[PDB]
Amino acid sequence: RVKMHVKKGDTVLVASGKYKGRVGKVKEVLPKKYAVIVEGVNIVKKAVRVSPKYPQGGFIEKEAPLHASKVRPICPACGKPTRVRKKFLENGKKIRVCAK
Amino acid sequence: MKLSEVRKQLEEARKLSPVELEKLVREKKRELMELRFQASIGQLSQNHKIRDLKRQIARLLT
Amino acid sequence: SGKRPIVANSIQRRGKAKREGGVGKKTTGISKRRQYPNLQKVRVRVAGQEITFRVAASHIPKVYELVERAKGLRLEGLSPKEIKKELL
Amino acid sequence: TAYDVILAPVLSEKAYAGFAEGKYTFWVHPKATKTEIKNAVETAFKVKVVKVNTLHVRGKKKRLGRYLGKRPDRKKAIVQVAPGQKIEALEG
RNA sequence: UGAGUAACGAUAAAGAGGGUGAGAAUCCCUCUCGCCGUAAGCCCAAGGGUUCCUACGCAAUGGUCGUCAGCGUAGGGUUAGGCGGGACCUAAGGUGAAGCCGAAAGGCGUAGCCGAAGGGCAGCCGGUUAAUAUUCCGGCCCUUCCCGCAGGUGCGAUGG
RNA sequence: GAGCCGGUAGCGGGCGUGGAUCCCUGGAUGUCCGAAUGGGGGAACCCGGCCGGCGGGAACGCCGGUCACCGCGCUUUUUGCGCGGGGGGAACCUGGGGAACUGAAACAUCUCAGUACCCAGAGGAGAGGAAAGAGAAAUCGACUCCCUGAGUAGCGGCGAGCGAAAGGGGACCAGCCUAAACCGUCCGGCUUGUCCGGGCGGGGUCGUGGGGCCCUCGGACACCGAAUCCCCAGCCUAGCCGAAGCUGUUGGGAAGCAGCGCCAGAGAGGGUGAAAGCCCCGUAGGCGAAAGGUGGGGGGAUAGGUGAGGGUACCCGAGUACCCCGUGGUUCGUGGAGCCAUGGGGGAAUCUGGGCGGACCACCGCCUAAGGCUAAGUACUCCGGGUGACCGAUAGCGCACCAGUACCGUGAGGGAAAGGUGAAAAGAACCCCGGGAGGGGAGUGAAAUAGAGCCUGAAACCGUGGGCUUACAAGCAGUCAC
Ligand SMILES: [Mg+2]
Ligand SMILES: [Mg+2]
Ligand SMILES: [Mg+2]
Ligand SMILES: [Mg+2]
Ligand SMILES: [Mg+2]
Ligand SMILES: [Mg+2]
Ligand SMILES: [Mg+2]
Ligand SMILES: [Mg+2]
Ligand SMILES: [Mg+2]
Ligand SMILES: [Mg+2]
Ligand SMILES: [Mg+2]
Ligand SMILES: [Mg+2]
Ligand SMILES: [Mg+2]
Ligand SMILES: [Mg+2]
Ligand SMILES: [Mg+2]
Ligand SMILES: [Mg+2]
Ligand SMILES: [Mg+2]
Ligand SMILES: [Mg+2]
Ligand SMILES: [Mg+2]
Ligand SMILES: [Mg+2]
Ligand SMILES: [Mg+2]
Ligand SMILES: [Mg+2]
Ligand SMILES: [Mg+2]
Ligand SMILES: [Mg+2]
Ligand SMILES: [Mg+2]
Ligand SMILES: [Mg+2]
Ligand SMILES: [Mg+2]
Ligand SMILES: [Mg+2]
Ligand SMILES: [Mg+2]
Ligand SMILES: [Mg+2]
Ligand SMILES: [Mg+2]
Ligand SMILES: [Mg+2]
Ligand SMILES: [Mg+2]
Ligand SMILES: [Mg+2]
Ligand SMILES: [Mg+2]
Ligand SMILES: [Mg+2]
Ligand SMILES: [Mg+2]
Ligand SMILES: [Mg+2]
Ligand SMILES: [Mg+2]
Ligand SMILES: [Mg+2]
Ligand SMILES: [Mg+2]
Ligand SMILES: [Mg+2]
Ligand SMILES: [Mg+2]
Ligand SMILES: [Mg+2]
Ligand SMILES: [Mg+2]
Ligand SMILES: [Mg+2]
Ligand SMILES: [Mg+2]
Ligand SMILES: [Mg+2]
Ligand SMILES: [Mg+2]
Ligand SMILES: [Mg+2]
Ligand SMILES: [Mg+2]
Ligand SMILES: [Mg+2]
Ligand SMILES: [Mg+2]
Ligand SMILES: [Mg+2]
Ligand SMILES: [Mg+2]
Ligand SMILES: [Mg+2]
Ligand SMILES: [Mg+2]
Ligand SMILES: [Mg+2]
Ligand SMILES: [Mg+2]
Ligand SMILES: [Mg+2]
Ligand SMILES: [Mg+2]
Ligand SMILES: [Mg+2]
Ligand SMILES: [Mg+2]
Ligand SMILES: [Mg+2]
Ligand SMILES: [Mg+2]
Ligand SMILES: [Mg+2]
Ligand SMILES: [Mg+2]
Ligand SMILES: [Mg+2]
Ligand SMILES: [Mg+2]
Ligand SMILES: [Mg+2]
Ligand SMILES: [Mg+2]
Ligand SMILES: [Mg+2]
Ligand SMILES: [Mg+2]
Ligand SMILES: [Mg+2]
Ligand SMILES: [Mg+2]
Ligand SMILES: [Mg+2]
Ligand SMILES: [Mg+2]
Ligand SMILES: [Mg+2]
Ligand SMILES: [Mg+2]
Ligand SMILES: [Mg+2]
Ligand SMILES: [Mg+2]
Ligand SMILES: [Mg+2]
Ligand SMILES: [Mg+2]
Ligand SMILES: [Mg+2]
Ligand SMILES: [Mg+2]
Ligand SMILES: [Mg+2]
Ligand SMILES: [Mg+2]
Ligand SMILES: [Mg+2]
Ligand SMILES: [Mg+2]
Ligand SMILES: [Mg+2]
Ligand SMILES: [Mg+2]
Ligand SMILES: [Mg+2]
Ligand SMILES: [Mg+2]
Ligand SMILES: [Mg+2]
Ligand SMILES: [Mg+2]
Ligand SMILES: [Mg+2]
Ligand SMILES: [Mg+2]
Ligand SMILES: [Mg+2]
Ligand SMILES: [Mg+2]
Ligand SMILES: [Mg+2]
Ligand SMILES: [Mg+2]
Ligand SMILES: [Mg+2]
Ligand SMILES: [Mg+2]
Ligand SMILES: [Mg+2]
Ligand SMILES: [Mg+2]
Ligand SMILES: [Mg+2]
Ligand SMILES: [Mg+2]
Ligand SMILES: [Mg+2]
Ligand SMILES: [Mg+2]
Ligand SMILES: [Mg+2]
Ligand SMILES: [Mg+2]
Ligand SMILES: [Mg+2]
Ligand SMILES: [Mg+2]
Ligand SMILES: [Mg+2]
Ligand SMILES: [Mg+2]
Ligand SMILES: [Mg+2]
Ligand SMILES: [Mg+2]
Ligand SMILES: [Mg+2]
Ligand SMILES: [Mg+2]
Ligand SMILES: [Mg+2]
Ligand SMILES: [Mg+2]
Ligand SMILES: [Mg+2]
Ligand SMILES: [Mg+2]
Ligand SMILES: [Mg+2]
Ligand SMILES: [Mg+2]
Ligand SMILES: [Mg+2]
Ligand SMILES: [Mg+2]
Ligand SMILES: [Mg+2]
Ligand SMILES: [Mg+2]
Ligand SMILES: [Mg+2]
Ligand SMILES: [Mg+2]
Ligand SMILES: [Mg+2]
Ligand SMILES: [Mg+2]
Ligand SMILES: [Mg+2]
Ligand SMILES: [Mg+2]
Ligand SMILES: [Mg+2]
Ligand SMILES: [Mg+2]
Ligand SMILES: [Mg+2]
Ligand SMILES: [Mg+2]
Ligand SMILES: [Mg+2]
Ligand SMILES: [Mg+2]
Ligand SMILES: [Mg+2]
Ligand SMILES: [Mg+2]
Ligand SMILES: [Mg+2]
Ligand SMILES: [Mg+2]
Ligand SMILES: [Mg+2]
Ligand SMILES: [Mg+2]
Ligand SMILES: [Mg+2]
Ligand SMILES: [Mg+2]
Ligand SMILES: [Mg+2]
Ligand SMILES: [Mg+2]
Ligand SMILES: [Mg+2]
Ligand SMILES: [Mg+2]
Ligand SMILES: [Mg+2]
Ligand SMILES: [Mg+2]
Ligand SMILES: [Mg+2]
Ligand SMILES: [Mg+2]
Ligand SMILES: [Mg+2]
Ligand SMILES: [Mg+2]
Ligand SMILES: [Mg+2]
Ligand SMILES: [Mg+2]
Ligand SMILES: [Mg+2]
Ligand SMILES: [Mg+2]
Ligand SMILES: [Mg+2]
Ligand SMILES: [Mg+2]
Ligand SMILES: [Mg+2]
Ligand SMILES: [Mg+2]
Ligand SMILES: [Mg+2]
Ligand SMILES: [Mg+2]
Ligand SMILES: [Mg+2]
Ligand SMILES: [Mg+2]
Ligand SMILES: [Mg+2]
Ligand SMILES: [Mg+2]
Ligand SMILES: [Mg+2]
Ligand SMILES: [Mg+2]
Ligand SMILES: [Mg+2]
Ligand SMILES: [Mg+2]
Ligand SMILES: [Mg+2]
Ligand SMILES: [Mg+2]
Ligand SMILES: [Mg+2]
Ligand SMILES: [Mg+2]
Ligand SMILES: [Mg+2]
Ligand SMILES: [Mg+2]
Ligand SMILES: [Mg+2]
Ligand SMILES: [Mg+2]
Ligand SMILES: [Mg+2]
Ligand SMILES: [Mg+2]
Ligand SMILES: [Mg+2]
Ligand SMILES: [Mg+2]
Ligand SMILES: [Mg+2]
Ligand SMILES: [Mg+2]
Ligand SMILES: [Mg+2]
Ligand SMILES: [Mg+2]
Ligand SMILES: [Mg+2]
Ligand SMILES: [Mg+2]
Ligand SMILES: [Mg+2]
Ligand SMILES: [Mg+2]
Ligand SMILES: [Mg+2]
Ligand SMILES: [Mg+2]
Ligand SMILES: [Mg+2]
Ligand SMILES: [Mg+2]
Ligand SMILES: [Mg+2]
Ligand SMILES: [Mg+2]
Ligand SMILES: [Mg+2]
Ligand SMILES: [Mg+2]
Ligand SMILES: [Mg+2]
Ligand SMILES: [Mg+2]
Ligand SMILES: [Mg+2]
Ligand SMILES: [Mg+2]
Ligand SMILES: [Mg+2]
Ligand SMILES: [Mg+2]
Ligand SMILES: [Mg+2]
Ligand SMILES: [Mg+2]
Ligand SMILES: [Mg+2]
Ligand SMILES: [Mg+2]
Ligand SMILES: [Mg+2]
Ligand SMILES: [Mg+2]
Ligand SMILES: [Mg+2]
Ligand SMILES: [Mg+2]
Ligand SMILES: [Mg+2]
Ligand SMILES: [Mg+2]
Ligand SMILES: [Mg+2]
Ligand SMILES: [Mg+2]
Ligand SMILES: [Mg+2]
């Protein structure tokens, strides 16, 4: 429980290190590790292939899990902290001034 | 989701229920005996089926 | 043991031997020792059947007093031990 | 609780070789009786069973890395089907 | 440090050719030689618990070496109405209704119950697997139990 | 309220806003062993009765149900049926038993100590508890716990040692039910009775003595009130809301430095590539339960309870009080030895009774024994939470780690060692020597003497290279001079 955090799968700004200011959508979020993948961090896995099945398996540069505290959600501006206003039924996150 | 549907059909299996469910499990335990055999020979099974079934049997048992 | 209407165990209380005057002094030697309750069997009738009581010598009478109260009592039923019991 | 006696067919050269005769053989519940084996294999493949042999298989004790362990025991059983008939299911 | 020292675990003993292999005194085969043979051979009981068999493999285990292995990984392997034990009996002992004893815990104890390498009980010869076999198969042979029949008789028990 | 199919990646294959995983509550299912409970037994196995079912099913097997012993009560003995016991729990508690070392500078009384330990039992506590009290005040007023009283009064081979109570200050606060006289009724017995007894109901509970019965008061609606009962508040077992920053600059990476600015009932603390009130998780303040648990705190009801006078002497806990013998408790070791308790012997009384105020006696006081129950204040920490001039892997629990393990012991029982790459796995493709291991290059990284039991990486110890020195020398290995 409570492992949950900032945004889910959507647009986000990177206030990290080697990718500060960068922007992208989050294509995965690993709560078990409190990190998310965007489109930013990319390292070279010279590795032949991960699992013995399939001959070729790639030098893939794929995106490295980014620590969830180095990414802020964003909407009609520069990404604000998340408030939560409950509607007349449910509840959804209003940014520092707008919806969604 | 699967639950929802399957479960209703069981107090629905109340037309001869107690008897019917019994009959039902019997076939269900068998459908799964088929699987455990097919999985045993290996190339002829794709997992989940077996657990989804095991679990069905159970709730159904109720 | 103690058992019956008696109600008396066996107390372990020491016996200390001494050498003395009382008009000059009095000195010692001391050891634990167990005092037993003088204890006898009591046989009695009570309707059919006999019935014994492993009682202390003190309350031997209490037992007869009990058979007297038993006359006012409704008993039988092949109750050898059972009488004693239902015999309060 | 009847398809629960027979667990799985045992796959071995030795087990296949038994197919020649009416001798089919498979893993069964460890607490299973030759008699309850019969009435089960019978009503699960519709065939008269004439004879049942059973035996336990002490599970081999393996170990992965520093962690030492044990595989589970099983009771293997070999059914003899009435002259003629056969279990197509095993015949693969 | 002693120190490349003592030791490498029975003085039954070795040699060679061929093969394998990255590597061979040390693994495989062959020939020669030697040792045991009331055993150093075979079979069963206890104990031991996969060490059995096969494939792959040598870092460590092996007092050297190691391609080998009782070692690592993996797969296979133990079939019974008659063999052994149990659904039979009782021994010493144990336990223990009844009964007795004991400050508590407990101690004793008839019947009974438990307790065997003793009593009782139906399988022999041969084949087959890498690996089981009075267990699978072949031949020949037998026991108990239930049902029915036919024949026979007072049948009937933890009691005598 | 977005992910999910534990630690645990991979092969393979699935699930989720038709609201999954996950968390809280309740229910279901729950193999065999264990109090172990049909019987057996070398726990985790073996064998069986009765009833119903499953298969061709009578032989066989399986499934569902059921069958231990013991106490108490209905059961007329009967055989039944019904409620209860059994076993476990770290410490704490009470009761039955109960040491020695050691101290006394030996040792026996004495001490250690009614401790250690064994046993039974109690339970969230346990024990104790409404005066046959204390003790000198013509005073106090259940019990328990703390302070004090006091190292006093005492006890003591007057050695070593041991060591009270009343009184005062606090915590807490609460009182009750029976036995008996007498009355009614059910049953038994027998020397039928105006009875004996057993059970059940009324009645009654005290020390200004109370109660019973009789007569007078009027005998009353009222008055008090639970420690039992009901509901509610509250609380616990999941959660939720929550203020305020952005730019530049050094850097592998800013949370640093600089610029300007913002919240604060919040500048506790943790994290994010380094040093952050304003990025994340929080914190202040506040919000929350369908279900289980708890719950006089508040509220309500029932049980229960409450008066005066006069007369009669019925009753007022028995092998008991009481004295004696043997002991234990107390500060009290036989001491002038009382008090409380009690193994043996003798053995009363019912208020004109009986106990006590340290032998005894008198006087004067206090108190009502031989039936029972009772909350809180107290003790403990298995468990959850909070906090530290507590530890930081030879410390801290034996265990930070897959430890009561590995290993040792027949067994009781003994009992270890072992934590750290990196911000990230980016964990080193591919080539090169090699059978492999392991190297060299390539590549990732801020860093690879961070390269995988990998942070730092000390000392002993082993080694290559370099400088100076040594084969006519006499030695605590240094020291002084050249
Ligand atoms: Mg989104
Ligand atoms: Mg490639
Ligand atoms: Mg923008
Ligand atoms: Mg139907
Ligand atoms: Mg159908
Ligand atoms: Mg059901
Ligand atoms: Mg006796
Ligand atoms: Mg006595
Ligand atoms: Mg006793
Ligand atoms: Mg004496
Ligand atoms: Mg004298
Ligand atoms: Mg003396
Ligand atoms: Mg002594
Ligand atoms: Mg002594
Ligand atoms: Mg006599
Ligand atoms: Mg008797
Ligand atoms: Mg007497
Ligand atoms: Mg009487
Ligand atoms: Mg009787
Ligand atoms: Mg009788
Ligand atoms: Mg009795
Ligand atoms: Mg009765
Ligand atoms: Mg094969
Ligand atoms: Mg075969
Ligand atoms: Mg046939
Ligand atoms: Mg047969
Ligand atoms: Mg067998
Ligand atoms: Mg093995
Ligand atoms: Mg050396
Ligand atoms: Mg040499
Ligand atoms: Mg040499
Ligand atoms: Mg030498
Ligand atoms: Mg020499
Ligand atoms: Mg030598
Ligand atoms: Mg030697
Ligand atoms: Mg030698
Ligand atoms: Mg050669
Ligand atoms: Mg080779
Ligand atoms: Mg070669
Ligand atoms: Mg050669
Ligand atoms: Mg040779
Ligand atoms: Mg070889
Ligand atoms: Mg010879
Ligand atoms: Mg000879
Ligand atoms: Mg034998
Ligand atoms: Mg092995
Ligand atoms: Mg082969
Ligand atoms: Mg093969
Ligand atoms: Mg080989
Ligand atoms: Mg090797
Ligand atoms: Mg070697
Ligand atoms: Mg070879
Ligand atoms: Mg092997
Ligand atoms: Mg024979
Ligand atoms: Mg047999
Ligand atoms: Mg037997
Ligand atoms: Mg036997
Ligand atoms: Mg016998
Ligand atoms: Mg005997
Ligand atoms: Mg006993
Ligand atoms: Mg007893
Ligand atoms: Mg005995
Ligand atoms: Mg035995
Ligand atoms: Mg026997
Ligand atoms: Mg025998
Ligand atoms: Mg024999
Ligand atoms: Mg024969
Ligand atoms: Mg034969
Ligand atoms: Mg013969
Ligand atoms: Mg063999
Ligand atoms: Mg045969
Ligand atoms: Mg006859
Ligand atoms: Mg006759
Ligand atoms: Mg006869
Ligand atoms: Mg999740
Ligand atoms: Mg997963
Ligand atoms: Mg897993
Ligand atoms: Mg997985
Ligand atoms: Mg995975
Ligand atoms: Mg996977
Ligand atoms: Mg996959
Ligand atoms: Mg989750
Ligand atoms: Mg999860
Ligand atoms: Mg639950
Ligand atoms: Mg079930
Ligand atoms: Mg059992
Ligand atoms: Mg039972
Ligand atoms: Mg038993
Ligand atoms: Mg039946
Ligand atoms: Mg049947
Ligand atoms: Mg059951
Ligand atoms: Mg049964
Ligand atoms: Mg008995
Ligand atoms: Mg009983
Ligand atoms: Mg009752
Ligand atoms: Mg009864
Ligand atoms: Mg009744
Ligand atoms: Mg009655
Ligand atoms: Mg009865
Ligand atoms: Mg009747
Ligand atoms: Mg009866
Ligand atoms: Mg019964
Ligand atoms: Mg009975
Ligand atoms: Mg009842
Ligand atoms: Mg209890
Ligand atoms: Mg208990
Ligand atoms: Mg005591
Ligand atoms: Mg005691
Ligand atoms: Mg001594
Ligand atoms: Mg001495
Ligand atoms: Mg003492
Ligand atoms: Mg004690
Ligand atoms: Mg007892
Ligand atoms: Mg207990
Ligand atoms: Mg209490
Ligand atoms: Mg009490
Ligand atoms: Mg009183
Ligand atoms: Mg003392
Ligand atoms: Mg002291
Ligand atoms: Mg005091
Ligand atoms: Mg006081
Ligand atoms: Mg006070
Ligand atoms: Mg306080
Ligand atoms: Mg008071
Ligand atoms: Mg009466
Ligand atoms: Mg009575
Ligand atoms: Mg009465
Ligand atoms: Mg009454
Ligand atoms: Mg009353
Ligand atoms: Mg009154
Ligand atoms: Mg009173
Ligand atoms: Mg009066
Ligand atoms: Mg009246
Ligand atoms: Mg009137
Ligand atoms: Mg009145
Ligand atoms: Mg009350
Ligand atoms: Mg809360
Ligand atoms: Mg909760
Ligand atoms: Mg919300
Ligand atoms: Mg915030
Ligand atoms: Mg700032
Ligand atoms: Mg610039
Ligand atoms: Mg600058
Ligand atoms: Mg830069
Ligand atoms: Mg910045
Ligand atoms: Mg600075
Ligand atoms: Mg503002
Ligand atoms: Mg904290
Ligand atoms: Mg700072
Ligand atoms: Mg900070
Ligand atoms: Mg709050
Ligand atoms: Mg509420
Ligand atoms: Mg509600
Ligand atoms: Mg309260
Ligand atoms: Mg009333
Ligand atoms: Mg009144
Ligand atoms: Mg009067
Ligand atoms: Mg009188
Ligand atoms: Mg009495
Ligand atoms: Mg008397
Ligand atoms: Mg009297
Ligand atoms: Mg008398
Ligand atoms: Mg006396
Ligand atoms: Mg008196
Ligand atoms: Mg006196
Ligand atoms: Mg005497
Ligand atoms: Mg004397
Ligand atoms: Mg005395
Ligand atoms: Mg004592
Ligand atoms: Mg004394
Ligand atoms: Mg003292
Ligand atoms: Mg004393
Ligand atoms: Mg005294
Ligand atoms: Mg006295
Ligand atoms: Mg006495
Ligand atoms: Mg007295
Ligand atoms: Mg006094
Ligand atoms: Mg005086
Ligand atoms: Mg007094
Ligand atoms: Mg009193
Ligand atoms: Mg009295
Ligand atoms: Mg009283
Ligand atoms: Mg009292
Ligand atoms: Mg009392
Ligand atoms: Mg109490
Ligand atoms: Mg406290
Ligand atoms: Mg704690
Ligand atoms: Mg804490
Ligand atoms: Mg703290
Ligand atoms: Mg600290
Ligand atoms: Mg360490
Ligand atoms: Mg440690
Ligand atoms: Mg360290
Ligand atoms: Mg260490
Ligand atoms: Mg601990
Ligand atoms: Mg622990
Ligand atoms: Mg482990
Ligand atoms: Mg552990
Ligand atoms: Mg551990
Ligand atoms: Mg370990
Ligand atoms: Mg271990
Ligand atoms: Mg050993
Ligand atoms: Mg051992
Ligand atoms: Mg060590
Ligand atoms: Mg470790
Ligand atoms: Mg990876
Ligand atoms: Mg390399
Ligand atoms: Mg190449
Ligand atoms: Mg090569
Ligand atoms: Mg190569
Ligand atoms: Mg390497
Ligand atoms: Mg390499
Ligand atoms: Mg390189
Ligand atoms: Mg680089
Ligand atoms: Mg730098
Ligand atoms: Mg470094
Ligand atoms: Mg290493
Ligand atoms: Mg570090
Ligand atoms: Mg050198
Ligand atoms: Mg040199
Ligand atoms: Mg130099
Ligand atoms: Mg030089
Ligand atoms: Mg010299
Ligand atoms: Mg010199």
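One line per chain: the protein sequences are BY, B2, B1 and BX, in this order.
Per the entry's author numbering, residue 2 is the first one in the first sequence, and the count goes up by one each step.
Per the entry's author numbering, residue 1 is the first one in the second sequence, and the count goes up by one each step.
Per the entry's author numbering, residue 8 is the first one in the third sequence, and the count goes up by one each step.
Per the entry's author numbering, residue 3 is the first one in the fourth sequence, and the count goes up by one each step.
Here a beta-carbon is modelled for each residue, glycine too, at the ideal position from N, C-alpha and C.
Chain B2 within 8 Å of residue i, Cβ atoms only
{"i": "residue 57 (chain BX)", "result": "no"}
{"i": "residue 39 (chain BX)", "result": "no"}
Segment limits, beta strand (DSSP E) that includes residue i
{"i": "residue 26 (chain BX)", "result": "25 to 30"}
Limits of the alpha helix (DSSP H) - the one that residue i falls within
{"i": "residue 78 (chain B1)", "result": "67 to 78"}
{"i": "residue 60 (chain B1)", "result": "No alpha helix (DSSP H) contains residue 60 (chain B1), which is instead part of the beta strand (DSSP E) from 59 to 63."}
{"i": "residue 60 (chain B2)", "result": "49 to 61"}
{"i": "residue 30 (chain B2)", "result": "17 to 40"}
Integer-rounded CB distance, given that residue j should sit under 8 Å from residue i
{"i": "residue 8 (chain BY)", "j": "residue 74 (chain BY)", "result": "4 Å"}
Within-8 Å CB hit, residue i to chain BX
{"i": "residue 30 (chain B2)", "result": "yes"}
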